[PDB]
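Novice: Next one to model:
(one chain, ligands or ions: 3)
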Amino acid sequence: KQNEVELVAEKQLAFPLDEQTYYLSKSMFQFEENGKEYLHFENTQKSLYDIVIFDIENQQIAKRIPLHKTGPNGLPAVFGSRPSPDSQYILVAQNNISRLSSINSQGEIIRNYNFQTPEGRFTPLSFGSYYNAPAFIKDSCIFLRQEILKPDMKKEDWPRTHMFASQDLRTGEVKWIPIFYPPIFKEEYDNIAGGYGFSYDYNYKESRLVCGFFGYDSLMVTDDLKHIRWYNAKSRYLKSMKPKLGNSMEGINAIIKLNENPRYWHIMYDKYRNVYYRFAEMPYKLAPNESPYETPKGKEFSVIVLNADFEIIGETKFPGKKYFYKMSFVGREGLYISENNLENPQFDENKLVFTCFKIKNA
Ligand code: NA
Ligand code: NA
Ligand code: NA
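Specialist: Numbering: from 1, shown residues only. Ligands and ions are numbered 1, 2, ... in the order given. Here you go:
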């Protein structure tokens with residue numbers, strides 16, 4: 001049934017920092033290397049520009065991978081980076097210059113790739129964790145989310161718009177993947193402010209892609225990058241929903257509504273326990289002193305647990321002003337959720353803190 005399990009806090013991980021490492025990363029991923037687990041932590045916020053690898057067992061920094069802006073190993077515009085599958089070969093996204101790059105553990109460039117649409121158009125290049133969007137590698141190609149190719153989408157355009165593209169890491173060839181946006185977007189605005197986002201994860205055990213549109217009750221699953229199945233993944237605390245696109249002409253109001261309204265966020269596969277976690281944001285109303293552009297520190301959330309057959313087996317609600325759930329990862333011991341919320345009474349900008357949540361019978 002839907003109430004067999006719950007998530008329960010067990011231990012904490014705490015990494016002491018200094019001025020060389022900022023506590024926030026938008027591209028942090030757990031990985032295994034040499035028999036141990038680590039956190040790949042892209043450290044490109046503010047004036048910083050490198051990658052830090054954290055040692056989970058020893059709760060400390062393991063190494064620092066330099067990133068240079070110029071020179072023979074110059075990476076002008078890193079935003080997003082991933083262990084591929086470990087720190088010896090890392091892929092980095094450079095959206096602003098239409099480039100994907102591979103680097104080694106010393107930050108040296110292996111190869112630069114131009115990444116544009118087949119017809120030579122700019123297309124957003126990203127992967128990261130701020131919403132779970134890890135990319136994935138199949139048959140030596142990297143697969144990435146793709147955004148819409150024209151600002152004024154009609155109903156008919158969604159099922160003709162690709163959700164993913166891949167780039168061959170030998171040849172650089174980009175291919176559109178025949179997985180299309182679902183026909184669940186009704187508004188026809190001249191310019192869309194948001195509302196069609198999704199999170200995804202890739203289950204290498206079953207060669208299985210799972211996508212969760214922020215505005216939709218159901219998860220989309222495919223095992224052959226073509227044929228789609230849908231599974232209910234609705235929070236018991238939220239009214240059933242379908243996406244609501246924002247209208248750019250509404251101005252800041254469109255952004256505020258998306259920020260504050262209930263919606264889903266990460267979908268995350270747990271490779272150790274063979275379960276999925278879907279995060280859900282509870283309803284909120286943005287207060288005057290709060291920024292329209294970021295999730296409020298007080299927004300409540302839940303995590304839905306689904307088993308390997310995509311059956312909901314439990315859901316646990318979390319308070320606001322405590323967690324920074326946009327820094328979450330699955331480790332050997334469980335689901336780790338950061339406590340680096342500015343309104344947490346224990347917040348310390350020089351300590352990266354996570355709580356480990358284990359699955360217990362309810
Ligand atoms: Na120091
Ligand atoms: Na710091
Ligand atoms: Na640097």
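Novice: For the helix or strand residue 7 falls within, which outside residues touch it?
Specialist: Element membership for residue 7, per DSSP states H and E: strand 5-16. Residues from elsewhere that reach strand 5-16, judged by Cβ atoms under 8 Å, 6 or more residues apart in numbering: 54, 56, 59-61, 303, 305, 313-316, 333-336, 339, 350-362. All C-beta atoms are positioned from the backbone trio N, CA, C, and that covers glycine.
Novice: How about it and ligand 2, any contact?
Specialist: No. Strand 5-16 is not in contact with ligand 2 by Cβ under 5 Å from the ion; minimum separation 9.4 Å.
Novice: Strands - which of the contacts of strand 5-16 land there?
Specialist: Secondary-structure check on the contacts of strand 5-16 using DSSP state E: residues within strands are 54, 60-61, 303, 305, 313-316, 334-336, 351-361.
Novice: check these against ligand 2, which are close?
Specialist: With Cβ under 5 Å from the ion as the criterion, the subset of the ones in strands among the contacts of strand 5-16 in contact with ligand 2 is empty.
Novice: From those, list just the buried residues.
Specialist: Among the ones in strands among the contacts of strand 5-16, those buried by neighbour count (16 or more other Cβ atoms under 10 Å) are 54, 61, 303, 305, 313-316, 334-336, 352-357, 359.
Novice: Quick check: nearest residue in space to residue 150, chain neighbours excluded?
Specialist: Nearest in space to residue 150, with sequence neighbours left out and distances taken as Cβ to Cβ, 6 or more residues apart in numbering, is residue 157 at 7.2 Å.
Novice: for the one you found, helix, strand, or coil?
Specialist: Remark: residue 157 carries the secondary structure label helix [criterion: DSSP: H, G, I helix; E, B strand; the rest coil].
Novice: count of residues packed around the residue of the stretch 101-250 of the chain found nearest ligand 3?
Specialist: Relative to ligand 3, the nearest point of the stretch 101-250 of the chain is residue 107 (7.9 Å; Cβ to the ion). Residues lying near residue 107 (other Cβ atoms under 10 Å) number 17.
Novice: Next up, the contacts around it.
Specialist: Contact partners of residue 107, counting by Cβ under 8 Å, 6+ apart, are 50-51, 65-68, 73.
Novice: now the helices for the stretch 151-300 of the chain?
Specialist: Using DSSP state H, counting those that start in this stretch, the helices of the stretch 151-300 of the chain run over 252-260.
Novice: if we can go back for a sec, now for the residue nearest to residue 150, how many residues are close by?
Specialist: 17.
Novice: contacting residues around the closest residue to ligand 2 within the stretch 1-150 of the chain?
Specialist: The stretch 1-150 of the chain approaches ligand 2 most closely through residue 17 (4.1 Å), counting by Cβ to the ion. With contact set as Cβ under 8 Å, 6+ apart, residue 17 has these partners: 23, 349-352.
Novice: Name the residues of this structure found near ligand 2, please.
Specialist: Counting by Cβ under 5 Å from the ion, the positions of the chain adjacent to ligand 2 are 17, 21.
Novice: Would you mind listing what in the chain touches ligand 3?
Specialist: For the chain, the residues in contact with ligand 3 (Cβ under 5 Å from the ion) are 49-50, 67.
Novice: Quote the end-to-end distance of stretch 13-29.
Specialist: Using Cα to Cα, to the nearest Å, the end-to-end distance of stretch 13-29 comes out at 15 Å.
Novice: So which bits of that stretch are buried?
Specialist: Here stretch 13-29 shows 13, 15, 17, 21-29 as buried, counting by 16+ other Cβ under 10 Å.
Novice: In TSV: these, plus secondary structure.
Specialist: Compiled in TSV, the buried residues of stretch 13-29 are given as follows (three-state DSSP):
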residue	secondary structure
13	strand
15	strand
17	coil
21	coil
22	coil
23	coil
24	coil
25	coil
26	coil
27	coil
28	strand
29	strand
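Novice: now these as JSON lines including distance to residue 119?
Specialist: Conversion of those to JSON lines gives the following (distance: Cβ to Cβ, whole Å):
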{"residue": "13", "distance to residue 119": "46"}
{"residue": "15", "distance to residue 119": "45"}
{"residue": "17", "distance to residue 119": "44"}
{"residue": "21", "distance to residue 119": "41"}
{"residue": "22", "distance to residue 119": "38"}
{"residue": "23", "distance to residue 119": "41"}
{"residue": "24", "distance to residue 119": "36"}
{"residue": "25", "distance to residue 119": "34"}
{"residue": "26", "distance to residue 119": "29"}
{"residue": "27", "distance to residue 119": "28"}
{"residue": "28", "distance to residue 119": "34"}
{"residue": "29", "distance to residue 119": "31"}
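Novice: centroid residue for this protein?
Specialist: residue 132 (1.6 Å; Cα atoms, centre = their mean).
Novice: Chain neighbours aside, what residue packs nearest to the residue of the stretch 101-250 of the chain closest to ligand 3?
Specialist: The shortest distance from residue 107 to any residue that is not its chain neighbour, by Cβ to Cβ, 6+ apart, is 4.2 Å, and that residue is residue 66.
Novice: Any idea how many residues pack against the one you found?
Specialist: Once other Cβ under 10 Å is used to define contacts, residue 66 is seen to have 13 neighbours.
Novice: now swap in residue 131 and tell me
Specialist: Taking other Cβ under 10 Å as the criterion, the count of residues near residue 131 is 20.
Novice: Beta-bridge partners for the residue lying closest to it once chain neighbours are set aside, please?
Specialist: Take residue 131 and drop its neighbours on the chain: the residue closest to it by Cβ to Cβ, 6+ apart is residue 199, 4.7 Å away. Applying DSSP bridges to residue 199 gives these bridge partners: residue 212.
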